[PDB]
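First comes the structure, then the notes that go with it.
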Amino acid sequence: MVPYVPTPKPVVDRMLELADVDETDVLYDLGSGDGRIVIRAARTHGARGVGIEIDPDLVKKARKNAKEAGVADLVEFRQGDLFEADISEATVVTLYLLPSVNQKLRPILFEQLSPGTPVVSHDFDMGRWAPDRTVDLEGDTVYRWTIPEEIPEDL
Ligand SMILES: Nc1ncnc2c1ncn2[C@@H]1O[C@H](CSCC[C@H](N)C(=O)O)[C@@H](O)[C@H]1O
Ligand SMILES: [Cl-]
Ligand SMILES: [Cl-]
Ligand SMILES: [Mg+2]
């Protein structure tokens, strides 16, 4: 079970840089919490955003946060389980979940996401799926992968 403890805002900024997020992107944050990843993607980079979040109290907070930030026209939140969500329109995916949850999610990412889609994770890796980047911050790690044209036979 993934607790609500958010990614610090400076770490969020580094995640968005690492994925080269820009105004043409549609960023999906899977387990979106207070909405900070999608809100900062919209405010800083002009990207459209979708946050998927299971807890209705956090969906409510995130919607309020987006309105207060002046980015409600760019950002949408959906109440639901991320393992059941349609994420195929994502051009970038961001994650701060758990090691076991990342492992369960991996095949869904391969099923739904277009080749070339960046995936960025705070702190937790994807097992034998090797990252393209690993950024060491003071007390946090950020990984990036790019969805390949062919899934490695190992995976
Ligand atoms: N199966 C699931 N589907 C959607 N959201 C889930 C989920 N399991 C846990 N969550 C949510 O995932 C969030 C993890 S905290 C991370 C929040 C945000 N992405 C950030 O980085 O700041 C919590 O808000 C929790 O309620
Ligand atoms: Cl919304
Ligand atoms: Cl790079
Ligand atoms: Mg890009």
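Chain identifiers are assigned as A, B, and so on, following the order in which chains appear in the structure tokens; residues are numbered from 1 within each chain, and ligands are numbered from 1 in order of appearance.
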
Legend entry - Within 8 Å of ligand 3 (only C-alpha atoms and all ligand atoms), residues as a PyMOL selection string: chain A and resi 18+132-133

Write a file of the selected residues as a short mmCIF file (atom, residue, chain, number, x, y, z; two decimals), in the first residue's frame, keeping N, CA and C atoms.
data_model
loop_
_atom_site.label_atom_id
_atom_site.label_comp_id
_atom_site.auth_asym_id
_atom_site.auth_seq_id
_atom_site.Cartn_x
_atom_site.Cartn_y
_atom_site.Cartn_z
N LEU A 18 14.41 16.06 -16.27
CA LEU A 18 15.01 14.79 -16.70
C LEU A 18 14.21 14.15 -17.85
N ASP A 132 17.85 4.57 -18.35
CA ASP A 132 18.66 5.44 -19.22
C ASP A 132 19.45 6.50 -18.43
N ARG A 133 18.91 6.86 -17.27
CA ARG A 133 19.52 7.86 -16.37
C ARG A 133 19.24 7.54 -14.93
#

Inset, instruction - Could you please extract the residues within 12 Å of ligand 4, counting only C-alpha atoms and all ligand atoms, and hand them back as a ChimeraX atom specification? - result: /A:16-27,45,47,90-93,114-119,146-147

Those same residues - N, CA and C atoms - I'd like them written as a PDB file, in the first residue's frame.
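Output file again20.pdb is given in full below:
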ATOM      1  N   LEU A  16      10.991  16.653 -13.868  1.00  0.00           N
ATOM      2  CA  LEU A  16      10.438  17.242 -15.095  1.00  0.00           C
ATOM      3  C   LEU A  16      11.528  17.628 -16.093  1.00  0.00           C
ATOM      4  N   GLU A  17      12.637  18.165 -15.580  1.00  0.00           N
ATOM      5  CA  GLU A  17      13.827  18.412 -16.420  1.00  0.00           C
ATOM      6  C   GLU A  17      14.347  17.130 -17.062  1.00  0.00           C
ATOM      7  N   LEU A  18      14.408  16.060 -16.267  1.00  0.00           N
ATOM      8  CA  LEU A  18      15.006  14.790 -16.699  1.00  0.00           C
ATOM      9  C   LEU A  18      14.209  14.153 -17.850  1.00  0.00           C
ATOM     10  N   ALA A  19      12.902  14.391 -17.849  1.00  0.00           N
ATOM     11  CA  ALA A  19      11.996  13.894 -18.889  1.00  0.00           C
ATOM     12  C   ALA A  19      11.857  14.845 -20.079  1.00  0.00           C
ATOM     13  N   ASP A  20      12.573  15.985 -20.041  1.00  0.00           N
ATOM     14  CA  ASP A  20      12.532  17.043 -21.062  1.00  0.00           C
ATOM     15  C   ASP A  20      11.107  17.499 -21.354  1.00  0.00           C
ATOM     16  N   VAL A  21      10.322  17.691 -20.303  1.00  0.00           N
ATOM     17  CA  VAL A  21       8.907  18.032 -20.459  1.00  0.00           C
ATOM     18  C   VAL A  21       8.763  19.390 -21.144  1.00  0.00           C
ATOM     19  N   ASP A  22       7.846  19.495 -22.113  1.00  0.00           N
ATOM     20  CA  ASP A  22       7.574  20.775 -22.785  1.00  0.00           C
ATOM     21  C   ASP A  22       6.083  20.949 -23.091  1.00  0.00           C
ATOM     22  N   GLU A  23       5.743  22.046 -23.767  1.00  0.00           N
ATOM     23  CA  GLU A  23       4.358  22.406 -24.012  1.00  0.00           C
ATOM     24  C   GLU A  23       3.570  21.410 -24.864  1.00  0.00           C
ATOM     25  N   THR A  24       4.256  20.515 -25.570  1.00  0.00           N
ATOM     26  CA  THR A  24       3.594  19.515 -26.433  1.00  0.00           C
ATOM     27  C   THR A  24       3.262  18.239 -25.671  1.00  0.00           C
ATOM     28  N   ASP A  25       3.686  18.132 -24.415  1.00  0.00           N
ATOM     29  CA  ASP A  25       3.479  16.900 -23.672  1.00  0.00           C
ATOM     30  C   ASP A  25       2.117  16.794 -22.974  1.00  0.00           C
ATOM     31  N   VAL A  26       1.724  15.548 -22.737  1.00  0.00           N
ATOM     32  CA  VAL A  26       0.601  15.175 -21.891  1.00  0.00           C
ATOM     33  C   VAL A  26       1.187  14.252 -20.824  1.00  0.00           C
ATOM     34  N   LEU A  27       1.368  14.806 -19.627  1.00  0.00           N
ATOM     35  CA  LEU A  27       2.073  14.140 -18.545  1.00  0.00           C
ATOM     36  C   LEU A  27       1.065  13.427 -17.673  1.00  0.00           C
ATOM     37  N   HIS A  45       6.276  24.400 -17.630  1.00  0.00           N
ATOM     38  CA  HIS A  45       6.557  23.916 -18.982  1.00  0.00           C
ATOM     39  C   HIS A  45       5.377  24.040 -19.942  1.00  0.00           C
ATOM     40  N   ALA A  47       2.816  22.102 -20.136  1.00  0.00           N
ATOM     41  CA  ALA A  47       2.333  20.778 -20.524  1.00  0.00           C
ATOM     42  C   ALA A  47       0.906  20.550 -20.005  1.00  0.00           C
ATOM     43  N   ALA A  90      -0.641   9.250 -22.666  1.00  0.00           N
ATOM     44  CA  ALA A  90       0.523   9.856 -22.034  1.00  0.00           C
ATOM     45  C   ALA A  90       1.715   9.979 -22.983  1.00  0.00           C
ATOM     46  N   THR A  91       2.368  11.144 -22.972  1.00  0.00           N
ATOM     47  CA  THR A  91       3.648  11.314 -23.648  1.00  0.00           C
ATOM     48  C   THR A  91       4.828  11.272 -22.675  1.00  0.00           C
ATOM     49  N   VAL A  92       4.530  11.360 -21.375  1.00  0.00           N
ATOM     50  CA  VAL A  92       5.499  11.253 -20.272  1.00  0.00           C
ATOM     51  C   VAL A  92       4.733  10.678 -19.078  1.00  0.00           C
ATOM     52  N   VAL A  93       5.368   9.781 -18.328  1.00  0.00           N
ATOM     53  CA  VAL A  93       4.767   9.208 -17.117  1.00  0.00           C
ATOM     54  C   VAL A  93       5.713   9.416 -15.943  1.00  0.00           C
ATOM     55  N   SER A 114       3.427   4.394 -25.862  1.00  0.00           N
ATOM     56  CA  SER A 114       4.091   4.446 -27.159  1.00  0.00           C
ATOM     57  C   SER A 114       5.607   4.378 -27.017  1.00  0.00           C
ATOM     58  N   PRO A 115       6.287   3.694 -27.962  1.00  0.00           N
ATOM     59  CA  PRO A 115       7.759   3.735 -27.924  1.00  0.00           C
ATOM     60  C   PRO A 115       8.285   5.167 -27.924  1.00  0.00           C
ATOM     61  N   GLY A 116       9.338   5.401 -27.155  1.00  0.00           N
ATOM     62  CA  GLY A 116       9.896   6.723 -26.990  1.00  0.00           C
ATOM     63  C   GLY A 116       9.364   7.464 -25.785  1.00  0.00           C
ATOM     64  N   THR A 117       8.299   6.979 -25.151  1.00  0.00           N
ATOM     65  CA  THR A 117       7.746   7.634 -23.958  1.00  0.00           C
ATOM     66  C   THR A 117       8.701   7.565 -22.755  1.00  0.00           C
ATOM     67  N   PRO A 118       9.092   8.723 -22.189  1.00  0.00           N
ATOM     68  CA  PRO A 118       9.877   8.661 -20.953  1.00  0.00           C
ATOM     69  C   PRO A 118       9.028   8.298 -19.742  1.00  0.00           C
ATOM     70  N   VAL A 119       9.641   7.538 -18.851  1.00  0.00           N
ATOM     71  CA  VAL A 119       9.071   7.173 -17.563  1.00  0.00           C
ATOM     72  C   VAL A 119      10.083   7.629 -16.529  1.00  0.00           C
ATOM     73  N   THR A 146      13.178   4.997 -21.075  1.00  0.00           N
ATOM     74  CA  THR A 146      12.458   5.297 -22.310  1.00  0.00           C
ATOM     75  C   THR A 146      11.834   4.000 -22.816  1.00  0.00           C
ATOM     76  N   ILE A 147      10.549   4.046 -23.140  1.00  0.00           N
ATOM     77  CA  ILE A 147       9.858   2.845 -23.624  1.00  0.00           C
ATOM     78  C   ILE A 147      10.504   2.461 -24.965  1.00  0.00           C
TER      79      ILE A 147
END

Legend entry - Near-ligand residues for ligand 1, threshold 7 Å, only C-alpha atoms and all ligand atoms, as a PyMOL selection string: chain A and resi 1-8+29-37+52-55+58+80-83+95-97

Take the residues from that selection and put them in a file with C-alpha atoms, as an mmCIF file, in the first residue's frame.
data_model
loop_
_atom_site.group_PDB
_atom_site.id
_atom_site.type_symbol
_atom_site.label_atom_id
_atom_site.label_comp_id
_atom_site.auth_asym_id
_atom_site.auth_seq_id
_atom_site.Cartn_x
_atom_site.Cartn_y
_atom_site.Cartn_z
ATOM 1 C CA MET A 1 0.000 0.000 0.000
ATOM 2 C CA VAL A 2 1.490 3.318 -1.137
ATOM 3 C CA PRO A 3 1.264 6.051 1.545
ATOM 4 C CA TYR A 4 0.606 9.745 0.844
ATOM 5 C CA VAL A 5 4.063 11.265 1.402
ATOM 6 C CA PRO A 6 4.763 13.701 -1.456
ATOM 7 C CA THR A 7 7.849 14.236 -3.563
ATOM 8 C CA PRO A 8 9.656 17.442 -2.443
ATOM 9 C CA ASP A 29 1.247 11.150 -12.777
ATOM 10 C CA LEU A 30 0.194 7.715 -11.525
ATOM 11 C CA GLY A 31 -0.753 8.176 -7.854
ATOM 12 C CA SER A 32 -0.971 11.955 -8.114
ATOM 13 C CA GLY A 33 -1.471 12.951 -4.439
ATOM 14 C CA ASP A 34 -1.847 16.737 -3.982
ATOM 15 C CA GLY A 35 -1.281 17.227 -7.738
ATOM 16 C CA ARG A 36 2.148 18.885 -7.501
ATOM 17 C CA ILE A 37 3.823 17.004 -10.378
ATOM 18 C CA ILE A 52 -4.735 9.423 -11.366
ATOM 19 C CA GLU A 53 -5.440 9.123 -7.619
ATOM 20 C CA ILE A 54 -7.378 6.566 -5.575
ATOM 21 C CA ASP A 55 -8.104 8.723 -2.470
ATOM 22 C CA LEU A 58 -6.530 13.981 -2.384
ATOM 23 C CA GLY A 80 -9.429 5.698 -9.630
ATOM 24 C CA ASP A 81 -6.942 2.866 -9.355
ATOM 25 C CA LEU A 82 -3.834 3.486 -11.504
ATOM 26 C CA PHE A 83 -3.692 -0.254 -12.337
ATOM 27 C CA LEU A 95 5.868 7.745 -10.514
ATOM 28 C CA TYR A 96 6.530 7.834 -6.752
ATOM 29 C CA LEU A 97 5.154 4.528 -5.571
#

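The space separating CA of residue 59 in chain A from atom 1 (Cl, counted along the ligand's line) of ligand 2 comes to 8.0 Å.
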
Legend entry - Shortest interatomic distance to ligand 2 - which of A:28, A:62, A:13, A:122, counting only C-alpha atoms and all ligand atoms: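 Ranked by minimum distance to ligand 2, first place goes to A:62.
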
Inset, instruction - as a ChimeraX atom specification, please: all residues of chain A that backbone DSSP puts in strand (DSSP E or B). - result: /A:26-30,48-53,75-79,92-95,118-122,133-136,141-146

Go ahead and write the residues just picked, N, CA and C atoms, as an mmCIF file, in the first residue's frame.
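Written output follows (result28.cif):
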data_model
loop_
_atom_site.group_PDB
_atom_site.id
_atom_site.type_symbol
_atom_site.label_atom_id
_atom_site.label_comp_id
_atom_site.auth_asym_id
_atom_site.auth_seq_id
_atom_site.Cartn_x
_atom_site.Cartn_y
_atom_site.Cartn_z
ATOM 1 N N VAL A 26 1.724 15.548 -22.737
ATOM 2 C CA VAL A 26 0.601 15.175 -21.891
ATOM 3 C C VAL A 26 1.187 14.252 -20.824
ATOM 4 N N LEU A 27 1.368 14.806 -19.627
ATOM 5 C CA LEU A 27 2.073 14.140 -18.545
ATOM 6 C C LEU A 27 1.065 13.427 -17.673
ATOM 7 N N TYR A 28 1.275 12.130 -17.414
ATOM 8 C CA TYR A 28 0.444 11.364 -16.484
ATOM 9 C C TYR A 28 1.218 11.065 -15.217
ATOM 10 N N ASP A 29 0.672 11.479 -14.055
ATOM 11 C CA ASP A 29 1.247 11.150 -12.777
ATOM 12 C C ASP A 29 0.346 10.076 -12.162
ATOM 13 N N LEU A 30 0.913 8.887 -12.014
ATOM 14 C CA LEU A 30 0.194 7.715 -11.525
ATOM 15 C C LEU A 30 0.329 7.620 -10.009
ATOM 16 N N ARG A 48 0.127 19.774 -20.740
ATOM 17 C CA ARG A 48 -1.131 19.231 -20.225
ATOM 18 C C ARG A 48 -0.805 18.094 -19.260
ATOM 19 N N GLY A 49 -1.683 17.882 -18.292
ATOM 20 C CA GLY A 49 -1.457 16.875 -17.245
ATOM 21 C C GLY A 49 -2.710 16.129 -16.840
ATOM 22 N N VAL A 50 -2.523 14.861 -16.497
ATOM 23 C CA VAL A 50 -3.551 14.015 -15.919
ATOM 24 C C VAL A 50 -2.965 13.356 -14.688
ATOM 25 N N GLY A 51 -3.622 13.543 -13.552
ATOM 26 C CA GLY A 51 -3.283 12.819 -12.341
ATOM 27 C C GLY A 51 -4.318 11.752 -12.020
ATOM 28 N N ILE A 52 -3.858 10.523 -11.773
ATOM 29 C CA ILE A 52 -4.735 9.423 -11.366
ATOM 30 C C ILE A 52 -4.488 9.211 -9.876
ATOM 31 N N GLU A 53 -5.550 9.229 -9.084
ATOM 32 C CA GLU A 53 -5.440 9.123 -7.619
ATOM 33 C C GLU A 53 -6.618 8.397 -7.017
ATOM 34 N N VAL A 75 -4.819 20.911 -16.605
ATOM 35 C CA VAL A 75 -4.638 19.777 -15.683
ATOM 36 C C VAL A 75 -5.987 19.168 -15.321
ATOM 37 N N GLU A 76 -6.066 17.835 -15.380
ATOM 38 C CA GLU A 76 -7.239 17.050 -15.019
ATOM 39 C C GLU A 76 -6.842 16.006 -13.988
ATOM 40 N N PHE A 77 -7.748 15.722 -13.048
ATOM 41 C CA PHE A 77 -7.569 14.628 -12.094
ATOM 42 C C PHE A 77 -8.702 13.639 -12.257
ATOM 43 N N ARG A 78 -8.342 12.360 -12.180
ATOM 44 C CA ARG A 78 -9.291 11.259 -12.267
ATOM 45 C C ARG A 78 -9.197 10.431 -11.002
ATOM 46 N N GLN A 79 -10.321 10.256 -10.324
ATOM 47 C CA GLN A 79 -10.359 9.355 -9.171
ATOM 48 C C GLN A 79 -10.390 7.920 -9.695
ATOM 49 N N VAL A 92 4.530 11.360 -21.375
ATOM 50 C CA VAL A 92 5.499 11.253 -20.272
ATOM 51 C C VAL A 92 4.733 10.678 -19.078
ATOM 52 N N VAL A 93 5.368 9.781 -18.328
ATOM 53 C CA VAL A 93 4.767 9.208 -17.117
ATOM 54 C C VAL A 93 5.713 9.416 -15.943
ATOM 55 N N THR A 94 5.150 9.834 -14.803
ATOM 56 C CA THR A 94 5.923 10.006 -13.564
ATOM 57 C C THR A 94 5.337 9.200 -12.438
ATOM 58 N N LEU A 95 6.217 8.736 -11.535
ATOM 59 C CA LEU A 95 5.868 7.745 -10.514
ATOM 60 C C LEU A 95 6.610 8.025 -9.199
ATOM 61 N N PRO A 118 9.092 8.723 -22.189
ATOM 62 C CA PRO A 118 9.877 8.661 -20.953
ATOM 63 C C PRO A 118 9.028 8.298 -19.742
ATOM 64 N N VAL A 119 9.641 7.538 -18.851
ATOM 65 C CA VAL A 119 9.071 7.173 -17.563
ATOM 66 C C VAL A 119 10.083 7.629 -16.529
ATOM 67 N N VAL A 120 9.632 8.409 -15.545
ATOM 68 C CA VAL A 120 10.501 8.917 -14.468
ATOM 69 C C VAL A 120 9.976 8.447 -13.130
ATOM 70 N N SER A 121 10.858 7.873 -12.312
ATOM 71 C CA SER A 121 10.493 7.385 -10.990
ATOM 72 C C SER A 121 11.368 8.010 -9.899
ATOM 73 N N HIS A 122 10.709 8.451 -8.833
ATOM 74 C CA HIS A 122 11.375 8.924 -7.636
ATOM 75 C C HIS A 122 11.705 7.701 -6.751
ATOM 76 N N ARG A 133 18.911 6.858 -17.266
ATOM 77 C CA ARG A 133 19.525 7.862 -16.371
ATOM 78 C C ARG A 133 19.242 7.537 -14.927
ATOM 79 N N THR A 134 20.195 7.834 -14.059
ATOM 80 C CA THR A 134 20.005 7.736 -12.612
ATOM 81 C C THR A 134 20.662 8.934 -11.944
ATOM 82 N N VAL A 135 19.847 9.826 -11.382
ATOM 83 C CA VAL A 135 20.299 11.109 -10.841
ATOM 84 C C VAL A 135 20.346 10.986 -9.323
ATOM 85 N N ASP A 136 21.513 11.249 -8.771
ATOM 86 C CA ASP A 136 21.740 11.218 -7.338
ATOM 87 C C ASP A 136 21.561 12.630 -6.802
ATOM 88 N N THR A 141 16.879 9.753 -5.104
ATOM 89 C CA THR A 141 17.343 9.273 -6.402
ATOM 90 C C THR A 141 16.188 9.395 -7.397
ATOM 91 N N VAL A 142 16.515 9.737 -8.633
ATOM 92 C CA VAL A 142 15.523 9.811 -9.698
ATOM 93 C C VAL A 142 16.020 8.976 -10.855
ATOM 94 N N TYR A 143 15.163 8.081 -11.335
ATOM 95 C CA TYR A 143 15.442 7.231 -12.499
ATOM 96 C C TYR A 143 14.640 7.656 -13.704
ATOM 97 N N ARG A 144 15.226 7.486 -14.882
ATOM 98 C CA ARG A 144 14.479 7.605 -16.130
ATOM 99 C C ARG A 144 14.686 6.376 -17.017
ATOM 100 N N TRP A 145 13.596 5.968 -17.660
ATOM 101 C CA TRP A 145 13.602 4.969 -18.722
ATOM 102 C C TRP A 145 12.898 5.572 -19.919
ATOM 103 N N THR A 146 13.178 4.997 -21.075
ATOM 104 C CA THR A 146 12.458 5.297 -22.310
ATOM 105 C C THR A 146 11.834 4.000 -22.816
#

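Of the listed residues (A:10, A:154, A:61, A:15), A:61 comes nearest to ligand 2; the distances count only C-alpha atoms and all ligand atoms.
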
Inset, instruction - Mind giving me the straight-line distance from CA of residue 129 in chain A to CA of residue 155 in chain A in Å, one decimal? - result: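 Distance between the two atoms: 7.3 Å.
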
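CA of residue 57 in chain A sits 26.6 Å away from CA of residue 103 in chain A.
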